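Shown next, in structure tokens, is the structure this report addresses.
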Amino acid sequence: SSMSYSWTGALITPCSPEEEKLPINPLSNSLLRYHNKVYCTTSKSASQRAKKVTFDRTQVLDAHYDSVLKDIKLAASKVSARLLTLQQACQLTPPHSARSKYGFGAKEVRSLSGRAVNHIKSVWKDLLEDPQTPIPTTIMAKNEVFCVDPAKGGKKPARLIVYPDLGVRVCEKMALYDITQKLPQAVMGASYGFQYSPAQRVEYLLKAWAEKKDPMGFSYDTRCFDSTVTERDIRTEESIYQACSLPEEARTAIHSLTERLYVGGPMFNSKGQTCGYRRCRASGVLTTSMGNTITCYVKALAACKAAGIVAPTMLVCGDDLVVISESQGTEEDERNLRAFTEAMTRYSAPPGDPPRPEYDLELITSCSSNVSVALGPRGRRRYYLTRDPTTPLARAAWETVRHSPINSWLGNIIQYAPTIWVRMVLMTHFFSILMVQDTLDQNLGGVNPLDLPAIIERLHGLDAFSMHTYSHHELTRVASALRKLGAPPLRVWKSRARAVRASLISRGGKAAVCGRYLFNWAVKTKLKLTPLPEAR
């Protein structure tokens with residue numbers, strides 16, 4: 001029936017001309033040796049991305065679906081959302097957001113420049129006046145850094161980004177922003193994934209697992225999900241949106257955006273040319289995350305009913321999905337999972353690698369990440385979130401004339417503070433670098449590195465400075481990722497750490513705090529890390 005895209009064959013151009021690499025990488029050539037393996041996705045690869053996302057789709061629904069789609073509309077309707085004053089929408093605009101084709105950008109929008117406000121007024125009026133004309137969109141290639149994988153086919157192609165002009169982007173927010181803030185939690189409750197800290201996700205997963213008498217879990221994925229969304233799905237989304245208590249002006253505009261933007265439209269490149277036409281989800285629009293989350297939830301939950309999964313507990317973050325149910329023995333479990341996979345396929349949401357049932361929580365990848373366990377200070381099992389460190393290490397070794405990785409180090413040091421790989425590798429490297437630059441109290445991305453212990457204790461807990469006896473799985477995976485990238489093995493990091501520790505101690509003050517809280521693990525003879533005033 002629907003086929004997701006169609007193409008003029010015009011070249012998908014780059015935004016910010018691709019940066020060449022350099023013959024020395026000074027910040028990272030002590031981190032890892034095999035720099036040849038770290039690459040960034042060229043926009044030449046754009047063509048290849050297209051082939052992988054262009055394909056016919058055919059949907060077929062059923063009682064199961066229809067029943068869910070009803071229950072969800074009942075839930076939508078206990079929700080009332082408001083319009084957003086054009087002004088308020090302008091304020092929500094990101095600072096460096098792509099400028100408008102009509103002579104203004106986010107500076108102007110955020111400051112409520114008169115010209116910017118005129119245009120946004122006229123765009124919005126035209127939404128209310130006209131509910132048919134497709135709104136044009138731009139298509140670009142997002143470049144991102146990765147490590148090469150021969151198994152999974154050398155280098156990945158660039159992701160395609162597709163988005164309307166800035167004017168429309170604001171209007172979108174006027175119409176929909178309050179829904180996006182209210183609806184998911186309404187229709188999905190506990191299952192709405194974004195509502196949780198990394199630490200709460202773990203607590204959630206664990207509570208689910210524990211309350212099954214005999215747990216099984218699995219996780220469902222689609223690398224190319226935006227492609228599987230059908231024009232019907234989108235309209236069924238509007239159907240859900242309108243199910244709320246809304247201003248009549250809202251309703252017209254939601255509907256008009258649906259028909260003119262969300263359902264599809266043409267696609268132009270940077271150089272202006274016509275590039276294609278889209279009949280699936282656009283990646284760059286406001287409702288992308290809300291739609292994906294909600295849609296996937298309907299289908300998934302219907303499929304659980306087709307397949308006969310007993311007592312399911314879900315967690316949904318856009319495309320990413322984890323279900324934790326009661327086992328019907330392994331023999332039935334394998335069948336039910338195939339059923340699910342059939343059902344989803346009929347619903348037009350087929351997967352990459354297909355699901356398999358698992359009976360141990362560590363083996364379930366949720367959100368490019370997963371739970372694992374180590375031992376805490378008093379010797380109790382302590383559970384925490386983690387992941388394959390390949391991409392993080394790859395990106396930690398990315399240096400262009402225009403780009404520095406120091407920020408991504410910090411990102412990961414915070415996010416994954418309790419992991420063995422942050423604690424032994426990234427932290428050791430990160431402080432070792434800044435010591436030598438004597439730039440320890442600079443502020444990177446609005447954080448001061450001498451505040452980490454504090455920041456860490458507040459987001460992760462004093463135990464995150466004391467954990468030991470990491471799992472076989474984690475230890476094997478880390479070992480392997482360092483060997484893969486030519487970083488030193490953990491024993492070498494232990495040394496570097498002892499020494500980075502010495503210096504931080506001798507510096508006194510807030511450095512020695514870092515020195516003692518962050519690097520206790522590295523010493524032969526532990527200190528007794530009491531809680532931190534600054535933390536609360």
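Numbering starts fresh at 1 for the residues of each chain in the structure tokens, the chains themselves are lettered A, B, ... in the order given, and ligands are numbered from 1 as they appear.
Every protein or nucleic acid residue with an atom no more than 9 Å from region 283-292 of chain A, counting only C-alpha atoms and leaving out same-chain residues fewer than 4 positions away, appears here: residues 160, 161, 162, 163, 164, 169, 172, 173, 176, 177, 180, 183, 184, 225, 226, 229, 233, 234, 237, 261, 262, 296, 297, 317, 318 and 319 of chain A.
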What's the 10 Å shell around region 442-455 of chain A, counting only C-alpha atoms, without same-chain residues fewer than 2 positions away, as a PyMOL selection string?
-> chain A and resi 406-408+410-411+413-414+417+430-431+434+438-440+457-462+464-465+509-518+531-536
Keeping only C-alpha atoms, take the residues you just selected and write them out as a PDB file, in the first residue's frame.
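Final output, saved to part_10.pdb:
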ATOM      1  CA  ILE A 406      36.315  16.955  26.643  1.00  0.00           C
ATOM      2  CA  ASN A 407      32.601  17.589  26.947  1.00  0.00           C
ATOM      3  CA  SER A 408      31.524  14.027  26.020  1.00  0.00           C
ATOM      4  CA  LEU A 410      32.154  14.730  31.204  1.00  0.00           C
ATOM      5  CA  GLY A 411      28.758  13.735  29.925  1.00  0.00           C
ATOM      6  CA  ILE A 413      31.394  10.620  33.666  1.00  0.00           C
ATOM      7  CA  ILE A 414      28.139  12.007  35.084  1.00  0.00           C
ATOM      8  CA  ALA A 417      29.478   7.459  37.111  1.00  0.00           C
ATOM      9  CA  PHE A 430      39.712  13.209  32.293  1.00  0.00           C
ATOM     10  CA  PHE A 431      41.410  14.443  35.432  1.00  0.00           C
ATOM     11  CA  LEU A 434      42.944  18.809  33.043  1.00  0.00           C
ATOM     12  CA  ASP A 438      45.988  23.311  34.866  1.00  0.00           C
ATOM     13  CA  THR A 439      42.377  24.039  33.867  1.00  0.00           C
ATOM     14  CA  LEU A 440      40.665  22.096  36.653  1.00  0.00           C
ATOM     15  CA  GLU A 457      26.602  11.699  45.232  1.00  0.00           C
ATOM     16  CA  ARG A 458      23.363  13.587  44.560  1.00  0.00           C
ATOM     17  CA  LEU A 459      22.488  11.775  41.254  1.00  0.00           C
ATOM     18  CA  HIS A 460      23.910   8.267  42.077  1.00  0.00           C
ATOM     19  CA  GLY A 461      24.728   7.826  45.764  1.00  0.00           C
ATOM     20  CA  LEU A 462      27.821   7.410  47.961  1.00  0.00           C
ATOM     21  CA  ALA A 464      28.987   4.822  43.445  1.00  0.00           C
ATOM     22  CA  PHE A 465      32.428   5.636  44.937  1.00  0.00           C
ATOM     23  CA  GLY A 509      40.996  21.670  48.804  1.00  0.00           C
ATOM     24  CA  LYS A 510      38.318  20.594  46.333  1.00  0.00           C
ATOM     25  CA  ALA A 511      40.905  18.738  44.239  1.00  0.00           C
ATOM     26  CA  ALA A 512      41.769  16.337  47.043  1.00  0.00           C
ATOM     27  CA  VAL A 513      38.027  15.771  47.523  1.00  0.00           C
ATOM     28  CA  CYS A 514      37.891  14.573  43.881  1.00  0.00           C
ATOM     29  CA  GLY A 515      41.125  12.723  44.583  1.00  0.00           C
ATOM     30  CA  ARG A 516      39.675  10.758  47.488  1.00  0.00           C
ATOM     31  CA  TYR A 517      36.043  10.210  46.562  1.00  0.00           C
ATOM     32  CA  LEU A 518      36.550   9.487  42.871  1.00  0.00           C
ATOM     33  CA  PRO A 531      28.588  11.814  52.990  1.00  0.00           C
ATOM     34  CA  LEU A 532      29.061  15.277  51.494  1.00  0.00           C
ATOM     35  CA  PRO A 533      27.671  18.554  52.865  1.00  0.00           C
ATOM     36  CA  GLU A 534      27.570  20.148  49.385  1.00  0.00           C
ATOM     37  CA  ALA A 535      25.321  17.294  48.084  1.00  0.00           C
ATOM     38  CA  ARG A 536      21.961  18.461  49.573  1.00  0.00           C
TER      39      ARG A 536
END
Selection: 10 Å around residue 20 (chain A), only C-alpha atoms, excl. self and same-chain fewer than 6 positions, as a PDB file with C-alpha atoms, in the first residue's frame:
ATOM      1  CA  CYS A  40      32.200  10.116  11.382  1.00  0.00           C
ATOM      2  CA  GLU A 399      39.187  15.770  17.661  1.00  0.00           C
ATOM      3  CA  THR A 400      38.565  18.132  14.690  1.00  0.00           C
ATOM      4  CA  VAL A 401      39.888  21.703  14.169  1.00  0.00           C
TER       5      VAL A 401
END
Could you check how far CA of residue 145 (chain A) sits from CA of residue 41 (chain A), in Å to one decimal?
-> 6.5 Å
Using DSSP on the backbone coordinates, identify all residues within region 213-427 of chain A classified as alpha helix (DSSP H); present the result as a PyMOL selection string.
-> chain A and resi 225-228+231-242+248-257+288-307+329-346+390-395+406-415+420-421+427
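Near region 125-139 of chain A, within 8 Å and counting only C-alpha atoms, sit residues 12, 121, 122, 123, 141, 160, 161, 162, 163, 164, 165, 249, 252, 253, 255, 256, 257, 259, 260, 261, 264, 265, 266, 267, 268, 269, 270 and 275 of chain A, not including residues fewer than 2 positions from it in the same chain.
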Which of these, A:466, A:358, A:486, A:498, has the shortest distance to residue 397 (chain A) once you count only C-alpha atoms?
-> A:486
